[PDB]
>>> print(open('model_1.pdb').read())   # PDB, C-alpha atoms and all ligand atoms
ATOM      1  CA  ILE A  19     -35.775  54.022 -79.736  1.00  0.00           C
ATOM      2  CA  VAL A  20     -32.209  53.998 -81.108  1.00  0.00           C
ATOM      3  CA  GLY A  21     -31.687  53.762 -84.877  1.00  0.00           C
ATOM      4  CA  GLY A  22     -35.395  53.958 -85.707  1.00  0.00           C
ATOM      5  CA  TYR A  23     -37.578  56.327 -87.684  1.00  0.00           C
ATOM      6  CA  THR A  24     -40.211  58.973 -87.048  1.00  0.00           C
ATOM      7  CA  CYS A  25     -43.474  56.978 -87.067  1.00  0.00           C
ATOM      8  CA  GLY A  26     -45.754  59.771 -88.268  1.00  0.00           C
ATOM      9  CA  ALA A  27     -48.475  61.389 -86.126  1.00  0.00           C
ATOM     10  CA  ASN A  28     -51.107  58.874 -84.880  1.00  0.00           C
ATOM     11  CA  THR A  29     -49.856  56.036 -87.119  1.00  0.00           C
ATOM     12  CA  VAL A  30     -49.519  53.778 -84.032  1.00  0.00           C
ATOM     13  CA  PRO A  31     -53.004  54.403 -82.573  1.00  0.00           C
ATOM     14  CA  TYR A  32     -52.706  51.910 -79.681  1.00  0.00           C
ATOM     15  CA  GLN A  33     -49.500  53.534 -78.376  1.00  0.00           C
ATOM     16  CA  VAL A  34     -50.044  55.416 -75.117  1.00  0.00           C
ATOM     17  CA  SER A  35     -47.802  57.614 -72.980  1.00  0.00           C
ATOM     18  CA  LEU A  36     -47.997  57.215 -69.201  1.00  0.00           C
ATOM     19  CA  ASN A  37     -47.620  60.594 -67.534  1.00  0.00           C
ATOM     20  CA  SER A  38     -47.029  61.438 -63.855  1.00  0.00           C
ATOM     21  CA  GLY A  39     -46.143  65.103 -64.473  1.00  0.00           C
ATOM     22  CA  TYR A  40     -43.879  63.926 -67.315  1.00  0.00           C
ATOM     23  CA  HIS A  41     -43.754  60.929 -69.715  1.00  0.00           C
ATOM     24  CA  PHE A  42     -42.154  57.944 -67.920  1.00  0.00           C
ATOM     25  CA  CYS A  43     -43.315  54.836 -69.853  1.00  0.00           C
ATOM     26  CA  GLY A  44     -45.231  53.615 -72.867  1.00  0.00           C
ATOM     27  CA  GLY A  45     -48.203  51.231 -72.897  1.00  0.00           C
ATOM     28  CA  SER A  46     -50.649  49.613 -75.317  1.00  0.00           C
ATOM     29  CA  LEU A  47     -54.398  50.224 -75.414  1.00  0.00           C
ATOM     30  CA  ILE A  48     -56.135  46.830 -75.512  1.00  0.00           C
ATOM     31  CA  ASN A  49     -59.739  47.991 -75.179  1.00  0.00           C
ATOM     32  CA  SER A  50     -61.568  51.261 -74.490  1.00  0.00           C
ATOM     33  CA  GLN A  51     -60.782  51.126 -70.738  1.00  0.00           C
ATOM     34  CA  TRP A  52     -57.549  49.112 -70.342  1.00  0.00           C
ATOM     35  CA  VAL A  53     -53.852  49.537 -71.062  1.00  0.00           C
ATOM     36  CA  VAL A  54     -51.062  46.911 -70.913  1.00  0.00           C
ATOM     37  CA  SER A  55     -47.625  48.099 -69.760  1.00  0.00           C
ATOM     38  CA  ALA A  56     -44.538  46.744 -67.960  1.00  0.00           C
ATOM     39  CA  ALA A  57     -44.752  45.991 -64.241  1.00  0.00           C
ATOM     40  CA  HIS A  58     -41.524  47.993 -63.774  1.00  0.00           C
ATOM     41  CA  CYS A  59     -43.567  51.018 -64.917  1.00  0.00           C
ATOM     42  CA  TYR A  60     -45.739  50.788 -61.790  1.00  0.00           C
ATOM     43  CA  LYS A  61     -46.240  53.975 -59.779  1.00  0.00           C
ATOM     44  CA  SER A  62     -49.148  55.916 -58.307  1.00  0.00           C
ATOM     45  CA  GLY A  63     -50.680  59.010 -59.923  1.00  0.00           C
ATOM     46  CA  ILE A  64     -50.731  57.798 -63.526  1.00  0.00           C
ATOM     47  CA  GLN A  65     -52.474  59.754 -66.291  1.00  0.00           C
ATOM     48  CA  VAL A  66     -52.870  57.815 -69.543  1.00  0.00           C
ATOM     49  CA  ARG A  67     -52.291  59.940 -72.641  1.00  0.00           C
ATOM     50  CA  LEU A  68     -53.801  58.611 -75.855  1.00  0.00           C
ATOM     51  CA  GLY A  69     -53.644  59.985 -79.404  1.00  0.00           C
ATOM     52  CA  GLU A  70     -50.157  61.409 -78.755  1.00  0.00           C
ATOM     53  CA  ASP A  71     -47.536  62.338 -81.273  1.00  0.00           C
ATOM     54  CA  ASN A  72     -45.502  65.231 -79.883  1.00  0.00           C
ATOM     55  CA  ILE A  73     -45.793  64.612 -76.110  1.00  0.00           C
ATOM     56  CA  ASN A  74     -44.760  68.221 -75.354  1.00  0.00           C
ATOM     57  CA  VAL A  75     -47.413  69.920 -77.545  1.00  0.00           C
ATOM     58  CA  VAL A  76     -51.217  69.673 -77.574  1.00  0.00           C
ATOM     59  CA  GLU A  77     -51.815  68.893 -81.245  1.00  0.00           C
ATOM     60  CA  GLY A  78     -55.565  68.170 -81.153  1.00  0.00           C
ATOM     61  CA  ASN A  79     -56.036  64.389 -81.126  1.00  0.00           C
ATOM     62  CA  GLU A  80     -55.123  63.645 -77.520  1.00  0.00           C
ATOM     63  CA  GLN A  81     -57.264  62.126 -74.804  1.00  0.00           C
ATOM     64  CA  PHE A  82     -55.948  62.515 -71.251  1.00  0.00           C
ATOM     65  CA  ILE A  83     -57.562  60.036 -68.825  1.00  0.00           C
ATOM     66  CA  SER A  84     -56.437  59.323 -65.252  1.00  0.00           C
ATOM     67  CA  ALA A  85     -55.942  55.717 -64.178  1.00  0.00           C
ATOM     68  CA  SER A  86     -58.477  54.360 -61.660  1.00  0.00           C
ATOM     69  CA  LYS A  87     -56.371  51.316 -60.780  1.00  0.00           C
ATOM     70  CA  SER A  88     -53.200  49.457 -61.684  1.00  0.00           C
ATOM     71  CA  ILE A  89     -52.746  45.686 -61.433  1.00  0.00           C
ATOM     72  CA  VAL A  90     -49.202  44.388 -61.396  1.00  0.00           C
ATOM     73  CA  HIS A  91     -48.837  40.707 -62.310  1.00  0.00           C
ATOM     74  CA  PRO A  92     -49.037  38.634 -59.112  1.00  0.00           C
ATOM     75  CA  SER A  93     -45.745  36.866 -59.966  1.00  0.00           C
ATOM     76  CA  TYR A  94     -43.738  39.907 -61.064  1.00  0.00           C
ATOM     77  CA  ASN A  95     -40.175  39.716 -59.715  1.00  0.00           C
ATOM     78  CA  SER A  96     -38.489  43.150 -59.840  1.00  0.00           C
ATOM     79  CA  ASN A  97     -34.989  41.615 -59.517  1.00  0.00           C
ATOM     80  CA  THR A  98     -35.187  39.151 -62.421  1.00  0.00           C
ATOM     81  CA  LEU A  99     -37.950  41.069 -64.285  1.00  0.00           C
ATOM     82  CA  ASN A 100     -39.822  37.784 -64.725  1.00  0.00           C
ATOM     83  CA  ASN A 101     -43.532  38.474 -65.445  1.00  0.00           C
ATOM     84  CA  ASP A 102     -42.862  42.141 -66.317  1.00  0.00           C
ATOM     85  CA  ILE A 103     -46.479  43.023 -67.078  1.00  0.00           C
ATOM     86  CA  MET A 104     -49.158  45.232 -65.578  1.00  0.00           C
ATOM     87  CA  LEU A 105     -52.687  46.372 -66.445  1.00  0.00           C
ATOM     88  CA  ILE A 106     -53.924  49.939 -66.025  1.00  0.00           C
ATOM     89  CA  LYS A 107     -57.635  50.791 -66.003  1.00  0.00           C
ATOM     90  CA  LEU A 108     -58.857  54.190 -67.222  1.00  0.00           C
ATOM     91  CA  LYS A 109     -61.292  56.176 -65.030  1.00  0.00           C
ATOM     92  CA  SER A 110     -63.448  56.639 -68.134  1.00  0.00           C
ATOM     93  CA  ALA A 111     -63.524  54.808 -71.471  1.00  0.00           C
ATOM     94  CA  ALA A 112     -61.420  56.301 -74.277  1.00  0.00           C
ATOM     95  CA  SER A 113     -63.281  57.478 -77.366  1.00  0.00           C
ATOM     96  CA  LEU A 114     -62.141  55.046 -80.088  1.00  0.00           C
ATOM     97  CA  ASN A 115     -61.419  56.337 -83.606  1.00  0.00           C
ATOM     98  CA  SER A 116     -58.794  55.980 -86.423  1.00  0.00           C
ATOM     99  CA  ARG A 117     -56.174  57.722 -84.278  1.00  0.00           C
ATOM    100  CA  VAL A 118     -57.012  56.102 -80.924  1.00  0.00           C
ATOM    101  CA  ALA A 119     -57.527  52.373 -81.340  1.00  0.00           C
ATOM    102  CA  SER A 120     -57.049  49.154 -79.392  1.00  0.00           C
ATOM    103  CA  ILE A 121     -54.524  46.454 -80.387  1.00  0.00           C
ATOM    104  CA  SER A 122     -55.553  42.749 -80.508  1.00  0.00           C
ATOM    105  CA  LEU A 123     -54.073  40.256 -78.026  1.00  0.00           C
ATOM    106  CA  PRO A 124     -52.371  37.282 -79.640  1.00  0.00           C
ATOM    107  CA  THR A 125     -54.155  33.999 -80.283  1.00  0.00           C
ATOM    108  CA  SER A 126     -50.753  32.279 -80.435  1.00  0.00           C
ATOM    109  CA  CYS A 127     -47.125  33.125 -79.684  1.00  0.00           C
ATOM    110  CA  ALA A 128     -45.113  34.649 -82.535  1.00  0.00           C
ATOM    111  CA  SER A 129     -42.059  32.827 -83.901  1.00  0.00           C
ATOM    112  CA  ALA A 130     -38.397  33.766 -84.221  1.00  0.00           C
ATOM    113  CA  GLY A 131     -37.989  35.564 -87.533  1.00  0.00           C
ATOM    114  CA  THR A 132     -41.355  37.345 -87.346  1.00  0.00           C
ATOM    115  CA  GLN A 133     -41.023  41.023 -88.195  1.00  0.00           C
ATOM    116  CA  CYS A 134     -42.463  43.330 -85.530  1.00  0.00           C
ATOM    117  CA  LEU A 135     -42.972  47.043 -84.905  1.00  0.00           C
ATOM    118  CA  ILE A 136     -41.542  48.515 -81.688  1.00  0.00           C
ATOM    119  CA  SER A 137     -42.391  52.109 -80.747  1.00  0.00           C
ATOM    120  CA  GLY A 138     -41.864  54.723 -78.033  1.00  0.00           C
ATOM    121  CA  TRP A 139     -40.601  58.115 -76.873  1.00  0.00           C
ATOM    122  CA  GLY A 140     -37.454  56.707 -75.244  1.00  0.00           C
ATOM    123  CA  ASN A 141     -33.808  57.727 -75.622  1.00  0.00           C
ATOM    124  CA  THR A 142     -32.534  57.802 -79.243  1.00  0.00           C
ATOM    125  CA  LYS A 143     -28.825  57.517 -78.342  1.00  0.00           C
ATOM    126  CA  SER A 144     -26.832  54.396 -77.366  1.00  0.00           C
ATOM    127  CA  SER A 145     -24.249  56.600 -75.662  1.00  0.00           C
ATOM    128  CA  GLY A 146     -25.455  59.809 -74.055  1.00  0.00           C
ATOM    129  CA  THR A 147     -29.029  61.078 -73.936  1.00  0.00           C
ATOM    130  CA  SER A 148     -31.517  62.569 -76.379  1.00  0.00           C
ATOM    131  CA  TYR A 149     -35.274  62.290 -75.867  1.00  0.00           C
ATOM    132  CA  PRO A 150     -37.488  62.812 -78.913  1.00  0.00           C
ATOM    133  CA  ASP A 151     -40.728  64.693 -78.590  1.00  0.00           C
ATOM    134  CA  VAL A 152     -42.463  62.710 -81.383  1.00  0.00           C
ATOM    135  CA  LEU A 153     -43.129  58.956 -81.519  1.00  0.00           C
ATOM    136  CA  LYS A 154     -40.285  56.826 -82.862  1.00  0.00           C
ATOM    137  CA  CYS A 155     -40.624  53.428 -84.564  1.00  0.00           C
ATOM    138  CA  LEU A 156     -38.383  50.421 -85.232  1.00  0.00           C
ATOM    139  CA  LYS A 157     -39.016  47.380 -87.386  1.00  0.00           C
ATOM    140  CA  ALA A 158     -37.193  44.406 -85.836  1.00  0.00           C
ATOM    141  CA  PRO A 159     -37.317  40.591 -85.973  1.00  0.00           C
ATOM    142  CA  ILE A 160     -37.956  38.261 -83.073  1.00  0.00           C
ATOM    143  CA  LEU A 161     -34.720  36.346 -82.316  1.00  0.00           C
ATOM    144  CA  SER A 162     -34.379  32.616 -81.576  1.00  0.00           C
ATOM    145  CA  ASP A 163     -34.643  31.518 -77.948  1.00  0.00           C
ATOM    146  CA  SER A 164     -31.148  30.045 -78.314  1.00  0.00           C
ATOM    147  CA  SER A 165     -29.560  33.314 -79.530  1.00  0.00           C
ATOM    148  CA  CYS A 166     -31.454  35.201 -76.811  1.00  0.00           C
ATOM    149  CA  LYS A 167     -30.191  32.832 -74.086  1.00  0.00           C
ATOM    150  CA  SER A 168     -26.662  32.974 -75.554  1.00  0.00           C
ATOM    151  CA  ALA A 169     -26.682  36.790 -75.443  1.00  0.00           C
ATOM    152  CA  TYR A 170     -27.949  36.817 -71.851  1.00  0.00           C
ATOM    153  CA  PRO A 171     -26.816  33.613 -70.105  1.00  0.00           C
ATOM    154  CA  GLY A 172     -28.869  32.814 -66.981  1.00  0.00           C
ATOM    155  CA  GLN A 173     -31.354  35.692 -67.471  1.00  0.00           C
ATOM    156  CA  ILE A 174     -33.921  34.673 -70.118  1.00  0.00           C
ATOM    157  CA  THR A 175     -37.056  33.042 -68.695  1.00  0.00           C
ATOM    158  CA  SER A 176     -39.917  31.389 -70.581  1.00  0.00           C
ATOM    159  CA  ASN A 177     -41.773  34.727 -70.243  1.00  0.00           C
ATOM    160  CA  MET A 178     -39.218  36.705 -72.262  1.00  0.00           C
ATOM    161  CA  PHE A 179     -38.056  36.938 -75.850  1.00  0.00           C
ATOM    162  CA  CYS A 180     -35.357  38.916 -77.643  1.00  0.00           C
ATOM    163  CA  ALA A 181     -35.988  41.085 -80.654  1.00  0.00           C
ATOM    164  CA  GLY A 182     -33.694  43.306 -82.655  1.00  0.00           C
ATOM    165  CA  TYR A 183     -30.207  43.048 -84.120  1.00  0.00           C
ATOM    166  CA  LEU A 184     -27.146  41.272 -82.699  1.00  0.00           C
ATOM    167  CA  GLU A 185     -24.949  43.663 -84.709  1.00  0.00           C
ATOM    168  CA  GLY A 186     -26.367  46.519 -82.585  1.00  0.00           C
ATOM    169  CA  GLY A 187     -27.298  50.062 -83.612  1.00  0.00           C
ATOM    170  CA  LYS A 188     -31.082  49.474 -83.574  1.00  0.00           C
ATOM    171  CA  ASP A 189     -33.015  48.824 -80.339  1.00  0.00           C
ATOM    172  CA  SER A 190     -35.531  50.166 -77.842  1.00  0.00           C
ATOM    173  CA  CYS A 191     -34.104  52.075 -74.872  1.00  0.00           C
ATOM    174  CA  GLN A 192     -34.954  53.732 -71.536  1.00  0.00           C
ATOM    175  CA  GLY A 193     -38.221  55.615 -71.757  1.00  0.00           C
ATOM    176  CA  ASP A 194     -39.596  53.033 -74.213  1.00  0.00           C
ATOM    177  CA  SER A 195     -40.338  50.818 -71.195  1.00  0.00           C
ATOM    178  CA  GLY A 196     -43.829  49.332 -71.167  1.00  0.00           C
ATOM    179  CA  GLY A 197     -44.422  50.083 -74.847  1.00  0.00           C
ATOM    180  CA  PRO A 198     -45.609  47.742 -77.629  1.00  0.00           C
ATOM    181  CA  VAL A 199     -44.002  45.110 -79.811  1.00  0.00           C
ATOM    182  CA  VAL A 200     -46.671  44.404 -82.451  1.00  0.00           C
ATOM    183  CA  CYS A 201     -46.304  41.589 -84.984  1.00  0.00           C
ATOM    184  CA  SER A 202     -48.864  40.916 -87.738  1.00  0.00           C
ATOM    185  CA  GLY A 203     -51.340  43.206 -85.945  1.00  0.00           C
ATOM    186  CA  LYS A 204     -51.054  41.425 -82.566  1.00  0.00           C
ATOM    187  CA  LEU A 205     -49.471  42.655 -79.336  1.00  0.00           C
ATOM    188  CA  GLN A 206     -46.690  40.105 -78.817  1.00  0.00           C
ATOM    189  CA  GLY A 207     -44.284  41.994 -76.574  1.00  0.00           C
ATOM    190  CA  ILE A 208     -43.775  44.728 -74.006  1.00  0.00           C
ATOM    191  CA  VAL A 209     -40.507  46.718 -73.815  1.00  0.00           C
ATOM    192  CA  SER A 210     -38.880  45.286 -70.681  1.00  0.00           C
ATOM    193  CA  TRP A 211     -35.065  45.318 -70.524  1.00  0.00           C
ATOM    194  CA  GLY A 212     -31.621  45.041 -72.141  1.00  0.00           C
ATOM    195  CA  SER A 213     -27.982  45.729 -71.326  1.00  0.00           C
ATOM    196  CA  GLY A 214     -27.579  49.390 -72.346  1.00  0.00           C
ATOM    197  CA  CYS A 215     -29.232  50.075 -75.738  1.00  0.00           C
ATOM    198  CA  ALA A 216     -28.294  49.046 -79.276  1.00  0.00           C
ATOM    199  CA  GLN A 217     -25.101  47.340 -78.042  1.00  0.00           C
ATOM    200  CA  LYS A 218     -23.522  44.516 -80.069  1.00  0.00           C
ATOM    201  CA  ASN A 219     -24.834  41.118 -78.925  1.00  0.00           C
ATOM    202  CA  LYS A 220     -27.199  42.734 -76.408  1.00  0.00           C
ATOM    203  CA  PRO A 221     -30.589  42.782 -78.137  1.00  0.00           C
ATOM    204  CA  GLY A 222     -33.800  44.077 -76.531  1.00  0.00           C
ATOM    205  CA  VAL A 223     -35.672  41.757 -74.163  1.00  0.00           C
ATOM    206  CA  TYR A 224     -39.465  41.783 -74.183  1.00  0.00           C
ATOM    207  CA  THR A 225     -42.260  40.403 -72.018  1.00  0.00           C
ATOM    208  CA  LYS A 226     -43.891  37.464 -73.844  1.00  0.00           C
ATOM    209  CA  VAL A 227     -47.516  38.660 -73.947  1.00  0.00           C
ATOM    210  CA  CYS A 228     -48.916  35.414 -75.379  1.00  0.00           C
ATOM    211  CA  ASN A 229     -48.220  33.751 -71.997  1.00  0.00           C
ATOM    212  CA  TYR A 230     -50.525  36.274 -70.266  1.00  0.00           C
ATOM    213  CA  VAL A 231     -53.656  36.285 -72.426  1.00  0.00           C
ATOM    214  CA  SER A 232     -55.693  34.226 -69.928  1.00  0.00           C
ATOM    215  CA  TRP A 233     -54.596  36.417 -67.015  1.00  0.00           C
ATOM    216  CA  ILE A 234     -55.327  39.606 -68.988  1.00  0.00           C
ATOM    217  CA  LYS A 235     -58.794  38.463 -70.083  1.00  0.00           C
ATOM    218  CA  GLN A 236     -59.808  37.181 -66.638  1.00  0.00           C
ATOM    219  CA  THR A 237     -58.471  40.254 -64.867  1.00  0.00           C
ATOM    220  CA  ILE A 238     -60.337  42.599 -67.220  1.00  0.00           C
ATOM    221  CA  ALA A 239     -63.529  40.528 -66.833  1.00  0.00           C
ATOM    222  CA  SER A 240     -63.545  41.037 -63.027  1.00  0.00           C
ATOM    223  CA  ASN A 241     -62.141  44.535 -62.538  1.00  0.00           C
TER
HETATM  224  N1  LIG B 301     -31.984  47.699 -74.680  1.00  0.00           N
HETATM  225  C1  LIG B 301     -33.234  47.750 -74.499  1.00  0.00           C
HETATM  226  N2  LIG B 301     -34.066  47.282 -75.440  1.00  0.00           N
HETATM  227  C2  LIG B 301     -33.784  48.305 -73.218  1.00  0.00           C
HETATM  228  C3  LIG B 301     -32.920  48.678 -72.187  1.00  0.00           C
HETATM  229  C4  LIG B 301     -33.450  49.196 -71.002  1.00  0.00           C
HETATM  230  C5  LIG B 301     -34.825  49.339 -70.847  1.00  0.00           C
HETATM  231  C6  LIG B 301     -35.374  49.852 -69.578  1.00  0.00           C
HETATM  232  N3  LIG B 301     -35.023  49.164 -68.569  1.00  0.00           N
HETATM  233  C7  LIG B 301     -35.427  49.399 -67.246  1.00  0.00           C
HETATM  234  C8  LIG B 301     -35.952  48.314 -66.542  1.00  0.00           C
HETATM  235  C9  LIG B 301     -36.370  48.478 -65.225  1.00  0.00           C
HETATM  236  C10 LIG B 301     -36.278  49.732 -64.619  1.00  0.00           C
HETATM  237 BR1  LIG B 301     -36.868  49.947 -62.828  1.00  0.00          BR
HETATM  238  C11 LIG B 301     -35.753  50.821 -65.320  1.00  0.00           C
HETATM  239  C12 LIG B 301     -35.329  50.656 -66.643  1.00  0.00           C
HETATM  240  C13 LIG B 301     -35.695  48.955 -71.873  1.00  0.00           C
HETATM  241  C14 LIG B 301     -35.165  48.441 -73.050  1.00  0.00           C
HETATM  242 CA    CA B 302     -49.378  65.957 -77.797  1.00  0.00          CA
END
>>> encode(input="model_1.pdb", output="structure tokens")
Amino acid sequence: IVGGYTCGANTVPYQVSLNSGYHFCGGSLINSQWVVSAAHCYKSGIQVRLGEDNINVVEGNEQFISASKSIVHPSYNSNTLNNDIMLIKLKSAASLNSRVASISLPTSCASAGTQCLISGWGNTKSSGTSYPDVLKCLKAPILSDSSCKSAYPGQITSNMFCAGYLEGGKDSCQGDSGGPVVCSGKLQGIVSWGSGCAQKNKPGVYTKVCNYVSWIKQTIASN
């Protein structure tokens, strides 16, 4: 997260860190046994880390639970990043509490102008590299489909939306991949892509979760 703020320990209780020896992606806890992330976060050997603030220090509220299975969206295209969504099942159910909590799926798609919260442990610099140990947060509006398409001609599908600031300086970044965009207490987006980070006229692009609610629910019901 570039140009954001320190969230505060366990203030984003649905935020998870995916760890394969090291943090490599965020995700969102959607019930006691399932996490939503980006398809481009797929790899084997995933441990889900819940209740994290400082990902380098055991602070006392963590739950570390290995994934039993990952399900990448059947229509995920790694070239275009269309359908950039995946589900990860925990080997055992997380213990839910004030600091480890699921986030609701949307009942309807959020509109341009809606203020959302984007969070992650990704790079905090737009040029160069600095990775924070603690969770970073950014409040950002959903942008119009037209401004999104204008920023990224030929690249925005019906399964993507832009959020952030055309002026630049505030954005998600590498390492935030797979993490949440939450608007009015609903998971509306997943950190997916962008040209660099926090660049003028290159806002963040997010997987449009509201298009996947049926797939998510049906997949969970049978797996
Ligand atoms: N500016 C942004 N909001 C932004 C930029 C880049 C990313 C990560 N992008 C990747 C996508 C696919 C792979 Br594989 C590796 C990295 C995420 C967000
Ligand atoms: Ca920790």
>>> residues_around(input="model_1.pdb", residues="residue 40 in chain A", least_positions_apart="3", cutoff="12 Å", atoms="only C-alpha atoms", output="short mmCIF file (atom, residue, chain, number, x, y, z; two decimals) with C-alpha atoms, in the coordinates of the input")
data_model
loop_
_atom_site.label_atom_id
_atom_site.label_comp_id
_atom_site.auth_asym_id
_atom_site.auth_seq_id
_atom_site.Cartn_x
_atom_site.Cartn_y
_atom_site.Cartn_z
CA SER A 35 -47.80 57.61 -72.98
CA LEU A 36 -48.00 57.22 -69.20
CA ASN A 37 -47.62 60.59 -67.53
CA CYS A 43 -43.32 54.84 -69.85
CA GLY A 44 -45.23 53.62 -72.87
CA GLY A 63 -50.68 59.01 -59.92
CA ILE A 64 -50.73 57.80 -63.53
CA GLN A 65 -52.47 59.75 -66.29
CA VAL A 66 -52.87 57.82 -69.54
CA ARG A 67 -52.29 59.94 -72.64
CA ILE A 73 -45.79 64.61 -76.11
CA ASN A 74 -44.76 68.22 -75.35
CA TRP A 139 -40.60 58.12 -76.87
CA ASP A 151 -40.73 64.69 -78.59
CA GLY A 193 -38.22 55.62 -71.76
#
>>> resolve_selection(input="model_1.pdb", expression="the PyMOL selection byres (((chain A and resi 221) around 10) and not hetatm)", output="compact mmCIF listing (two decimals) with C-alpha atoms, in the coordinates of the input")
# COMPACT_ATOMS: atom_id res chain seq x y z
CA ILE A 160 -37.96 38.26 -83.07
CA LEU A 161 -34.72 36.35 -82.32
CA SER A 165 -29.56 33.31 -79.53
CA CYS A 166 -31.45 35.20 -76.81
CA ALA A 169 -26.68 36.79 -75.44
CA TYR A 170 -27.95 36.82 -71.85
CA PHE A 179 -38.06 36.94 -75.85
CA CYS A 180 -35.36 38.92 -77.64
CA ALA A 181 -35.99 41.08 -80.65
CA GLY A 182 -33.69 43.31 -82.66
CA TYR A 183 -30.21 43.05 -84.12
CA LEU A 184 -27.15 41.27 -82.70
CA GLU A 185 -24.95 43.66 -84.71
CA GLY A 186 -26.37 46.52 -82.58
CA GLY A 187 -27.30 50.06 -83.61
CA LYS A 188 -31.08 49.47 -83.57
CA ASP A 189 -33.02 48.82 -80.34
CA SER A 190 -35.53 50.17 -77.84
CA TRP A 211 -35.06 45.32 -70.52
CA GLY A 212 -31.62 45.04 -72.14
CA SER A 213 -27.98 45.73 -71.33
CA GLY A 214 -27.58 49.39 -72.35
CA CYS A 215 -29.23 50.08 -75.74
CA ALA A 216 -28.29 49.05 -79.28
CA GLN A 217 -25.10 47.34 -78.04
CA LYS A 218 -23.52 44.52 -80.07
CA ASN A 219 -24.83 41.12 -78.92
CA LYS A 220 -27.20 42.73 -76.41
CA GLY A 222 -33.80 44.08 -76.53
CA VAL A 223 -35.67 41.76 -74.16
CA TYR A 224 -39.47 41.78 -74.18
>>> closest_residue(input="model_1.pdb", among="A:164, A:142, A:28, A:147", to="residue 77 in chain A", atoms="only C-alpha atoms")
A:28
>>> atom_distance(input="model_1.pdb", atom1="CA of residue 103 in chain A", atom2="CA of residue 207 in chain A")
9.8 Å
>>> resolve_selection(input="model_1.pdb", expression="the PyMOL selection byres (((not hetatm)) within 8 of (chain B and resi 302))", output="ChimeraX atom specification")
/A:69-80
>>> resolve_selection(input="model_1.pdb", expression="the PyMOL selection byres (((chain A and resi 227-229) around 9) and not hetatm)", output="ChimeraX atom specification")
/A:103,123-128,176-178,205-208,224-226,230-233
>>> axis_aligned_box(input="model_1.pdb", around="ligand LIG 301 (chain B)", padding_each_side="8 Å", output="JSON")
{"center_x": -34.4, "center_y": 49.1, "center_z": -69.1, "size_x": 20.9, "size_y": 19.5, "size_z": 28.6}
>>> closest_residue(input="model_1.pdb", among="A:121, A:112, A:191, A:99", to="residue 175 in chain A", atoms="only C-alpha atoms")
A:99
>>> atom_distance(input="model_1.pdb", atom1="CA of residue 157 in chain A", atom2="CA of residue 60 in chain A")
26.7 Å
>>> residues_around(input="model_1.pdb", residues="residue 96 in chain A", least_positions_apart="3", cutoff="12 Å", atoms="only C-alpha atoms", output="PyMOL selection string")
chain A and resi 56-60+90-93+99-103+210-211
>>> write_last_selection(input="model_1.pdb", atoms="C-alpha atoms", output="mmCIF file, in the coordinates of the input")
data_model
loop_
_atom_site.group_PDB
_atom_site.id
_atom_site.type_symbol
_atom_site.label_atom_id
_atom_site.label_comp_id
_atom_site.auth_asym_id
_atom_site.auth_seq_id
_atom_site.Cartn_x
_atom_site.Cartn_y
_atom_site.Cartn_z
ATOM 1 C CA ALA A 56 -44.538 46.744 -67.960
ATOM 2 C CA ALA A 57 -44.752 45.991 -64.241
ATOM 3 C CA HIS A 58 -41.524 47.993 -63.774
ATOM 4 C CA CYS A 59 -43.567 51.018 -64.917
ATOM 5 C CA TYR A 60 -45.739 50.788 -61.790
ATOM 6 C CA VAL A 90 -49.202 44.388 -61.396
ATOM 7 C CA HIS A 91 -48.837 40.707 -62.310
ATOM 8 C CA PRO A 92 -49.037 38.634 -59.112
ATOM 9 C CA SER A 93 -45.745 36.866 -59.966
ATOM 10 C CA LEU A 99 -37.950 41.069 -64.285
ATOM 11 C CA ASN A 100 -39.822 37.784 -64.725
ATOM 12 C CA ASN A 101 -43.532 38.474 -65.445
ATOM 13 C CA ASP A 102 -42.862 42.141 -66.317
ATOM 14 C CA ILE A 103 -46.479 43.023 -67.078
ATOM 15 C CA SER A 210 -38.880 45.286 -70.681
ATOM 16 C CA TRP A 211 -35.065 45.318 -70.524
#
>>> closest_residue(input="model_1.pdb", among="A:61, A:167, A:235, A:117", to="ligand LIG 301 (chain B)", atoms="all atoms listed in the file")
A:61
>>> atom_distance(input="model_1.pdb", atom1="CA of residue 24 in chain A", atom2="CA of residue 155 in chain A")
6.1 Å
>>> closest_residue(input="model_1.pdb", among="A:174, A:198, A:203, A:152", to="residue 41 in chain A", atoms="all atoms listed in the file")
A:152
>>> closest_residue(input="model_1.pdb", among="A:194, A:86, A:33, A:118", to="ligand LIG 301 (chain B)", atoms="all atoms listed in the file")
A:194
>>> residues_around(input="model_1.pdb", residues="residue 141 in chain A", least_positions_apart="6", cutoff="6 Å", atoms="all atoms listed in the file", output="list in words")
residues 19, 148, 149, 191 and 192 of chain A
>>> closest_residue(input="model_1.pdb", among="A:168, A:95, A:162, A:113", to="ligand LIG 301 (chain B)", atoms="all atoms listed in the file")
A:95
